[PDB]
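Below you will find one chain, with nothing else, as structure tokens; this is the form deposited in one PDB entry, and questions on how it binds or moves follow later.
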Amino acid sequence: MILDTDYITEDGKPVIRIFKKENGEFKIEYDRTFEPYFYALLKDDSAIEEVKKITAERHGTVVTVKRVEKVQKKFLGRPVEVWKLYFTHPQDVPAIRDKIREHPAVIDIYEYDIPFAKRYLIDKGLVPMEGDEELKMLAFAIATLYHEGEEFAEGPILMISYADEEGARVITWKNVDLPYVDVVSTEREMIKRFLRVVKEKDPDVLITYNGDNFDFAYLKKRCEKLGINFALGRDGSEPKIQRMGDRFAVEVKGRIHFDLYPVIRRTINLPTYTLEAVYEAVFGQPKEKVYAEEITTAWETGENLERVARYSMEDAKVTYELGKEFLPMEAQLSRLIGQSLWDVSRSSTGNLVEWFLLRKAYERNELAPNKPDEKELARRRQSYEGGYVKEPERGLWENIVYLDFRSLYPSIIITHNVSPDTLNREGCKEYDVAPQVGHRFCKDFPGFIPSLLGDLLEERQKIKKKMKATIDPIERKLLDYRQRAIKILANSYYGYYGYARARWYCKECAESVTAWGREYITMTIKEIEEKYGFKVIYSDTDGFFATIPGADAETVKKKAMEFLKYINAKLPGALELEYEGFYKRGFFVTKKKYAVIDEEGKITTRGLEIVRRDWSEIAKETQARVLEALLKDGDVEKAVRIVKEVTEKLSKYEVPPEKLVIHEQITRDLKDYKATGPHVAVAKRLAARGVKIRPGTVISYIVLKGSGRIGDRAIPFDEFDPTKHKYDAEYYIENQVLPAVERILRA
């Protein structure tokens, strides 16, 4: 399989490098014959002799058009000849493209901002991560000597650990007597020993956990202090530290640096994303956390270096086993998008959608539209109407079925051929008309994006079908992440229609999809109440909860399956209503907030404070206890005993102050806030101390006894000290616990 592509320049000329792994052998293929290009549409064919002569400049070297070639293509499905303008070097394209657009005989240019390495993969029809090839993988982690108030990486690395299928080992330059610790003389020898281990094991994948931001930058600083050529790349290069939006990412040429953190962060929802928490979340086994401050007094005193060597070895071991499980996911997503796993695992969703569309456009001989310029961008900032959300019939309900549409919006795009190249296209025999908003969509030929969503949905449903044939629970959970990731990707094609930066943008298409969605779900609700006598308890966009009031579980289930047959035979094309579960009891508080219990006593809760990252644990823990006493047992006297038992204790100061921490993210530069709530008030004070707040910083604070604004008496939970701070028992009772549990206990 192909791992990655890039290019280098030799004596002015690009050379594509393709990093392959075939038959257990690593190979670099070199391509010097593939040419960079973009396209120009001309007012007339005669003007090509002029456009051919346009020149630019690029660090003193004159940029010319190398050769041109006339090609027939489609733009939004409509045929058109354009001129493919070829250049000697990729960097010619940004140097000359504006001078070509500016030429009065040039109506427009296209595909002029496509990175050459990825251009190569698309035009060659090459897909990374294809084939039976078993990649060799190696995880690594580092233990560092930390002192608070020092510069980054001022202290040494104390241990480097790596793990793979042969096991886990720790390299260190302190005298640790353990069987997996290899002892060397200096920090420099330790790094050099790791470098040699990577060269000897020669892994295809290097796995870290946040190595994009920590491990590699630390290594780089130490190698700079120590005079070490950190030649981890298969071509002898050092790790290449690239900028990616607000943060960094690191590549190792010839291998795949799979940083697990961005992948895990986007597919599992957790309170904290410590390596320990993730490992517990995925496998169910506990992993211990030795702290950067237990580490530092252990190294200076000699004691408990073996416990640190064990925490370092565990870090590498779990990092490996995690990468073992998640690589198939990202290798499949990499195969579907047609780009490298390094890129696909790190990039925004819109960008994946678009790289997928550029490849399909190439395969179909469709010219790509350009990104919007700043004028068009400002024009695309109108919003539109979305899904329908019924106000729930509040309270407790028995024998509830949950019926839900299979991939609704993508199904609508497929069924009604909803796409920019079919919108109000004249001349067709057949049209579907969007309700409320009126846009017409031609049905005579598949639309570009409609013809792509079907293979995605098919892929997802096969994964779900295979989820049904496997007994292994961990393997079933990983299959669950994969099909959910495809669900999100397919739905992002719909959102992409409304995305101001999209090339194939189409706000008519996006509001047509939602309008069809409101039509289908509300027709389904009317159908199930009028023909079958159900009562729709609650509904959100494409599914609903319903019961036959007074009927037992068997009757509600049988009559629910009857309705599905009826409705699914009325529904056209790819629309399909699905049976998504039966619940013995349910409690619906407001829109988006409810909890149900299945016929096994497993509670599923949605939107309620229990699941929110920004409510205090004491509040979440109490509402969880109230809910469980409420839906499992029919014990209203138990729930009320729990809240009163928590009121006292908080008032008596008997509840641990760790359960009162509020976590809220900073999302912008602190100057740009217009409303200063408690998490901003704490963060602005940190900024005044030189703590360097940035978007993404989580404020973890606690509220102390007082009466002013809440931000006035909030401090970082760091600075909490029981000898000196009594917390605000009245705040945590009247503003955190009681509000949460009372909205439930109103019924």
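We number the residues from 1 along the sequence you see. Definition used throughout: the rigid core is the maximal C-alpha set that superposes within 1.5 Å between two forms.
If you look for the form deposited in another entry, you will not find it shown, but the lines that follow are about it.
Novice: Just one of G236, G438, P473, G125 has a CA that shifts 2 Å or more between the shown form and the other one on a core fit; which is it?
Specialist: The one that shifts is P473.
Novice: Is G395 one of the residues whose C-alpha moves 2 Å or more between the shown form and the other one after the core fit?
Specialist: No: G395 shifts by under 2 Å between the shown form and the other one.
Novice: 2 Å or more on the CA of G711 between the shown form and the other one, with the rigid core superposed, yes or no?
Specialist: Yes, its C-alpha moves 2 Å or more.
Novice: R196: after superposing the rigid core, is there a C-alpha shift of 2 Å or more between the shown form and the other one?
Specialist: The answer is no; the displacement is under 2 Å.
Novice: Could you tell me whether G338 and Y481 have their C-alpha atoms closer or farther apart in the other form than in the shown form, knowing the shift is 3 angstroms or more?
Specialist: Relative to the shown form, the pair is closer.
Novice: Kindly indicate if, in the other form, the C-alpha atoms of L327 and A469 are closer or farther apart than in the structure shown, bearing in mind the change is 3 Å or more.
Specialist: Here the pair is closer than in the other form; there, farther apart.
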